[PDB]
Amino acid sequence: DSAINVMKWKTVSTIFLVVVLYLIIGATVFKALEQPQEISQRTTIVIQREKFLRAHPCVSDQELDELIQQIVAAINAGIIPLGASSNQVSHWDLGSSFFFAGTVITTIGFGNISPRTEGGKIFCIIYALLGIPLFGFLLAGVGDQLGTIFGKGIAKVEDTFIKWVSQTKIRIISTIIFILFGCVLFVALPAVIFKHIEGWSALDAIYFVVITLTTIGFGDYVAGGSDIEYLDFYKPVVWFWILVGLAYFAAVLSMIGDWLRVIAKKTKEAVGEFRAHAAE
Amino acid sequence: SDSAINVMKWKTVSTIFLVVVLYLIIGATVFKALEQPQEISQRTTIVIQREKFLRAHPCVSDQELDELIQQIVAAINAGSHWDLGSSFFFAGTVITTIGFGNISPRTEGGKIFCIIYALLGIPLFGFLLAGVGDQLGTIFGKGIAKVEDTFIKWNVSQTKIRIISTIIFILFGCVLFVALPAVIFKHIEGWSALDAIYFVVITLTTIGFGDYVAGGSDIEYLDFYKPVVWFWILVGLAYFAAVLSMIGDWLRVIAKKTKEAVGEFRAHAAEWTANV
Ligand SMILES: CS(=O)(=O)Nc1ccc(C(=O)NCc2ccc(Cl)cc2Cl)cc1
Ligand SMILES: CS(=O)(=O)Nc1ccc(C(=O)NCc2ccc(Cl)cc2Cl)cc1
Ligand SMILES: CCCCCCCCCCCCCCCC
Ligand SMILES: CCCCCCCCCCCCCCCC
Ligand SMILES: CCCCCCCCCCCCCCCC
Ligand SMILES: CCCCCCCCCCCC
Ligand SMILES: CCCCCCCCCCCC
Ligand SMILES: CCCCCCCCCCCC
Ligand SMILES: CCCCCCCCCCCC
Ligand SMILES: CCCCCCCCCCC
Ligand SMILES: CCCCCCCCCCC
Ligand SMILES: CCCCCCCCCCC
Ligand SMILES: CCCCCCCCCC
Ligand SMILES: CCCCCCCC
Ligand SMILES: CCCCCCCC
Ligand SMILES: CCCCC
Ligand SMILES: CCCCC
Ligand SMILES: CCCCC
Ligand SMILES: [K+]
Ligand SMILES: [K+]
Ligand SMILES: [K+]
Ligand SMILES: [K+]
Ligand SMILES: [K+]
């Protein structure tokens, strides 16, 4: 029993170090990419500050930094503190609390909207702990249904491509068609609709798709997030997209996992060779 | 018959789908019931503070306030955020799919790298998290070998003691991975006791709203704090993975028990109505 456990802990620990190292590379590449724009916006926000620090000296000026604290603290709930727009829609209306519930059970958790009430928080804890598992079943069923829809599709395509054919190499043609068609239906096509309806850039759309469907859900972009107009054919279609798109990414991510298993065997055995053939 | 099983399958999906739709509807109404009020009371008392800042400082005209707020909304779309350690944290938020979003890429390259980083990193982390799950799982397996010996040579024996074991998992698990860290968070972050547990749950379920983030404020943090929080995430995620999974099983059970209870209720209105 302990013989396999010693072999297991050895594997976990190496993957752990790989993960630590993956984070370090990651970290350096993100700071390489973002630290600059952050500094150029931090210098040009101090420029804008001084233009109204000294352009109104009759303001206490310790209370300006405190004013902004009260705006940024209050923006998190979601305020539109203007006199040319003192009338305002609700964040917790019939539909947005529905959306919010969606963000909890799917663990996307955008967080543009999140509970402020101690009761809302306590309900959210309970709602999540029951809802996440519940949704998991739905998402599984959605995965199966969609899986068998594609099974009927590959029965028709693995017959017509039976020319003068291997068992294990037509598997490679199938997984390409899964990724190809899948990226159209669940990534490309919806990003295009998002690009048009939200006014996002082409990158922002795909970025949103991926961040949402991987359940990362930063919440920097949220489809349905602004007050624009919205056809109301729109948002329901986006629910359905989430439902099926999450199922799709579940598989895709899972495939990527398998590819890593493979690449990890191939590299484990390559290093053994490379060590043994020190001559080279 | 191949379509015969598929009609039975789609029947199952569709009922769970309706249960989910209905779970969302109840949810929706309970959240709006809870939050629509605080929203109104903060919308009245933010308009009060708005007008209260024109009168208590007449130096500021009404036209320059609207422009100030434009520059503050511009600056929420930035905020160092991206130092050595916070970009490390950020990477953590991507691969774990917690995704707080207090920090997120603004550069078109940062976004493209994030897409790639995620698609490779999420699966990679999943392996780590699995290993962490196993190790922790067998640590508790040795723990229950010692506790299912000392209690199993005396009072009421097998088939109900499985229920006592799962309570010990939940009891001790909630101490180690929820209570104890919430207490540390309460003290170190200055959050309320509820806010701490709220954070724990929102983070460890990988929902990660990002309303609260441990390490998120500009406080003197002991060098030992943040790394301990990494370790907590690693093990706490593994813990919730199991817990959530258990809850799933309980639902499976409760769903059979309710499916057959409806079958009973039906079957007695049957042979009670045949009685004419
Ligand atoms: C900023 S707001 O909260 O005040 N306004 C709203 C914002 C979004 C939505 C909505 O339904 N979007 C589609 C959707 C559905 C379910 C899930 Cl899980 C994710 C997504 Cl993107 C509705 C209102
Ligand atoms: C605006 S900021 O970027 O400067 N604030 C920060 C916030 C948090 C951390 C950090 O390391 N927290 C521990 C931690 C680790 C990994 C994961 Cl996944 C989640 C968590 Cl909560 C660093 C900076
Ligand atoms: C207009 C560009 C759209 C590109 C869509 C991104 C693809 C995300 C899915 C991951 C699998 C991609 C296969 C590439 C093999 C290296
Ligand atoms: C109009 C500008 C559109 C820019 C589209 C570029 C997106 C490229 C996505 C890269 C996906 C790489 C997949 C790697 C899988 C491991
Ligand atoms: C964003 C790209 C990051 C790429 C990840 C780094 C590659 C690390 C390779 C680790 C090699 C360890 C070999 C051990 C074999 C037993
Ligand atoms: C047969 C599988 C259903 C696929 C239907 C396409 C859904 C795309 C929704 C895009 C909306 C933004
Ligand atoms: C384009 C980036 C490719 C990164 C390849 C990841 C390989 C991980 C190997 C894990 C070894 C155990
Ligand atoms: C630090 C040592 C670097 C070793 C480089 C090996 C890269 C593995 C690629 C595997 C493709 C088959
Ligand atoms: C939110 C909980 C409501 C309970 C719904 C019961 C569903 C009845 C279907 C039973 C299967 C025959
Ligand atoms: C404008 C509010 C949008 C809510 C749509 C609810 C319908 C859910 C059905 C899922 C296909
Ligand atoms: C447009 C930004 C792309 C960054 C490329 C980083 C690739 C790193 C590979 C390290 C082996
Ligand atoms: C500080 C009070 C927090 C209470 C949390 C209640 C959780 C009950 C779990 C039900 C699944
Ligand atoms: C808190 C009670 C949740 C009830 C779920 C029951 C599932 C019913 C499936 C028929
Ligand atoms: C046999 C399954 C019924 C499918 C209904 C339409 C969705 C593909
Ligand atoms: C073995 C229990 C570890 C708990 C760590 C708590 C740190 C916040
Ligand atoms: C304090 C209100 C509790 C709602 C569950
Ligand atoms: C998280 C429970 C889902 C079961 C497939
Ligand atoms: C219909 C517009 C296509 C954008 C690539
Ligand atoms: K978030
Ligand atoms: K999130
Ligand atoms: K998640
Ligand atoms: K998950
Ligand atoms: K998330």
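## As for unusual backbone geometry
Residues and elements named next belong to chain A.
Moving on, step 1. You will see that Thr 107, though not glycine, has its phi angle at about 60°, which is positive.
Moving on, step 2. Within the secondary structure, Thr 107 is located in the loop between helix 3 (94–105) and helix 4 (118–160).
Moving on, step 3. A residue is classified by how much of its surface remains accessible, and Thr 107, at 11% relative accessible area, is buried.
Moving on, step 4. With phi around 70°, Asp 232 is a residue other than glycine that occupies positive phi space.
Moving on, step 5. With respect to the secondary-structure elements, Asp 232 resides in the loop between helix 6 (202–213) and helix 7 (234–276).
Moving on, step 6. Under the relative-accessibility criterion, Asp 232 is labelled exposed at 58%.

## Re the coordination of the potassium ion (ligand 20)
For a metal with four tetrahedral donors the ideal donor-metal-donor angle is 109.5 degrees, whereas six octahedral donors ideally subtend 90 or 180 degrees.
Moving on, step 1. Binding of the potassium ion (ligand 20) to the protein goes through A:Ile108 (O), A:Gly109 (O), A:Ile216 (O), A:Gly217 (O), B:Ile98 (O), B:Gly99 (O), B:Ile207 (O) and B:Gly208 (O), at separations of 2.8 to 3.2 Å.
Moving on, step 2. Between the potassium ion (ligand 20) and the potassium ion (ligand 19), a spacing of 3.5 Å is present, and a bridge between the two is formed by B:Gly99. Of this pair, B:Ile98 sits in the loop between helix 3 (84–95) and helix 4 (108–150) while B:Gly208 sits in the loop between helix 6 (193–204) and helix 7 (225–273), and the two are 110 residues apart along the sequence. In this pair, the class of B:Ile98 matches that of B:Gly208, namely buried.

## Examining the environment of B:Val94
Moving on, step 1. Assignment of secondary structure puts B:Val94 in helix 3.
Moving on, step 2. Sequence separation of B:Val94 and B:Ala270 is 176 residues, and the distance between their C-alpha atoms is 56 Å.
Moving on, step 3. For B:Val94, the residues in contact, after removing those within four places along its chain, are A:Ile216, A:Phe218, B:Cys114, B:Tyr117, B:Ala118 and B:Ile122.

## Looking at the packing of helix 6 of chain A against helix 4 of chain B
Any two packed helices are characterised by the angle at which their axes cross and by the distance between the axes.
Moving on, step 1. Running from N to C, helix 6 of chain A and helix 4 of chain B point in directions that differ by 35°, and their axes come no closer than 10 Å. Taken as a pair, helix 6 of chain A and helix 4 of chain B cross one another with a handedness that is left-handed. The residues of helix 4 of chain B that touch helix 6 of chain A, namely those facing A:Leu203, A:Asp204, A:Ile206, A:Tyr207, A:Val210 and A:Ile211, are B:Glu108, B:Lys111, B:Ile112, B:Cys114 and B:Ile115.
Moving on, step 2. By residue class, the composition of the contact of helix 6 of chain A with helix 4 of chain B is eight nonpolar, no polar and three charged.

## Description of the layout of surface pockets
With a probe scaled to a water molecule rolled over the atoms, the places where space remains empty come into view.
Moving on, step 1. In this model, the second largest pocket occupies a volume close to 1,300 Å³.
Moving on, step 2. For the second largest pocket, the lining is made up of 40 residues, of which A:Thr107, A:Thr215, B:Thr97, B:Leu129 and B:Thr206 are closest to its centre.
Moving on, step 3. Only helix 4 and helix 7 of chain A together with helix 4 and helix 7 of chain B provide two or more residues apiece to the lining of the second largest pocket.
Moving on, step 4. Tallied by class, residues from the lining of the second largest pocket come to 22 nonpolar, 14 polar and four charged.

## Description of the state of the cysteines
Moving on, step 1. Within this structure, the stated rule accounts for one disulfide over all chains.
Moving on, step 2. In this model A:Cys58 forms its disulfide with B:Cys59; the gap between the sulfur atoms is 2.0 Å. Note on the A:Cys58 and B:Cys59 pair: the S-S dihedral is about 60°, so by sign convention the disulfide is right-handed. Taken as a pair, A:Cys58 in the loop between helix 1 (2–53) and helix 2 (63–75) and B:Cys59 in the loop between helix 1 (2–55) and helix 2 (62–76) lie in two separate chains rather than in one.
Moving on, step 3. On the accessibility criterion, A:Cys58 (57% relative accessible area) is exposed.
Moving on, step 4. Residue B:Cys114 stays outside any disulfide, its sulfur separated by 17 Å from that of A:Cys183, the closest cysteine.
Moving on, step 5. A residue is classified by how much of its surface remains accessible, and B:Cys114, at 0% relative accessible area, is buried.
Moving on, step 6. Just so you know, B:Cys174 is unpaired, no disulfide at all, and the nearest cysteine sulfur is the one on A:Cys124, 17 Å from it.

## Overview of the UniProt feature "intramembrane region" in chain B
Moving on, step 1. UniProt's entry tags residues 84–110 and 193–223 of chain B with the feature "intramembrane region", counted in the numbering of this structure.
Moving on, step 2. End C-alpha atoms of residues 84–110 of chain B are separated by 15 Å, and the span's content is 56% helix alongside 0% strand.

## Examining the UniProt feature "binding site: K(+) 4" in chain B
Moving on, step 1. Look at the UniProt record and you will see "binding site: K(+) 4" annotated at B:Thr97 and B:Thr206. A maximum C-alpha distance of 6.1 Å is found for the annotated residues, which run over 110 residues; spatially they form one tight group. When the annotated set is filtered for residues lining the second largest pocket, what remains is B:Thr97 and B:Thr206.
Moving on, step 2. Structurally, B:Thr97 can be placed in the loop between helix 3 and helix 4.
Moving on, step 3. Owing to a relative accessible area of 11%, B:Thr97 belongs among the buried residues under this scheme.
Moving on, step 4. Beyond its immediate stretch of four places on either side in the chain, B:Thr97 contacts A:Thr107, A:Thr214, A:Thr215, A:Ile216, B:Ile122 and B:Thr206.
Moving on, step 5. Sequence-distant contacts of B:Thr206, that is, excluding residues within four places in its chain, are made with A:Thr107, A:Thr215, B:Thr96, B:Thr97, B:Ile98 and B:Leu237.

## Thoughts on the interface of chain B and chain A
You'll often see interface size given as the accessible area lost when the parts meet.
Moving on, step 1. Listed per partner, the contact involves 110 residues of chain B and 119 residues of chain A.
Moving on, step 2. Of the roughly 9,800 Å² buried between chain B and chain A on both sides combined, carbon and sulfur atoms contribute 73%.
Moving on, step 3. Among the residues of chain B in contact with chain A, B:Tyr23, B:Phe31 and B:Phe209 are the three that bury the most area, contributing 8% of the side total.
Moving on, step 4. Counting across the interface, chain B meets chain A through three salt bridges.
Moving on, step 5. Across the pair B:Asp195 and A:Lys121 runs a salt bridge, and its minimum N-O distance is 2.7 Å.
Moving on, step 6. In this assembly, chain B and chain A are joined by 34 residue pairs in polar contact.

Definitions and cut-offs
Residues numbered from 1 in each chain as written, not as in the entry; some residues may be left out. Chains lettered and ligands numbered in written order. Heavy atoms only, no water. Residues with missing side-chain atoms left out of burial classes, pairs and counts. Helix = DSSP H or I, 4+ residues; strand = E, 2+ residues; numbered from the N terminus. Buried < 20%, exposed > 50% of the residue type's maximum accessible area, 1.4 Å probe, protein only. Donors = N, O, S within 2.8 Å, 3.2 Å for Na, K, Ca; no water. Contact = heavy atoms within 4.5 Å. Axes fitted to C-alpha atoms, helices over the stretch in contact; angles between N-to-C directions. Left-handed = near helix turned anticlockwise from the far one by under 90°. Nonpolar A, V, L, I, M, F, W, Y, C, P; charged D, E, K, R; others polar. 1 Å grid on protein atoms, 1.4 Å probe; cavity = no way out; pocket = protein on both sides within 12 Å on 5 of 7 lines; lining within 4 Å. Points joined across faces, edges and corners; volume = space filled by probe spheres on them. Disulfide = S-S within 2.5 Å. UniProt positions renumbered as here; feature names shortened; annotations may be inferred. Buried area = accessible area lost by both parts, 1.4 Å probe. Salt bridge = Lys/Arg side-chain N within 4 Å of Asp/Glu carboxyl O. Polar contact = N/O pair within 3.5 Å; in protein donor to acceptor, adjacent residues only side chain to side chain.

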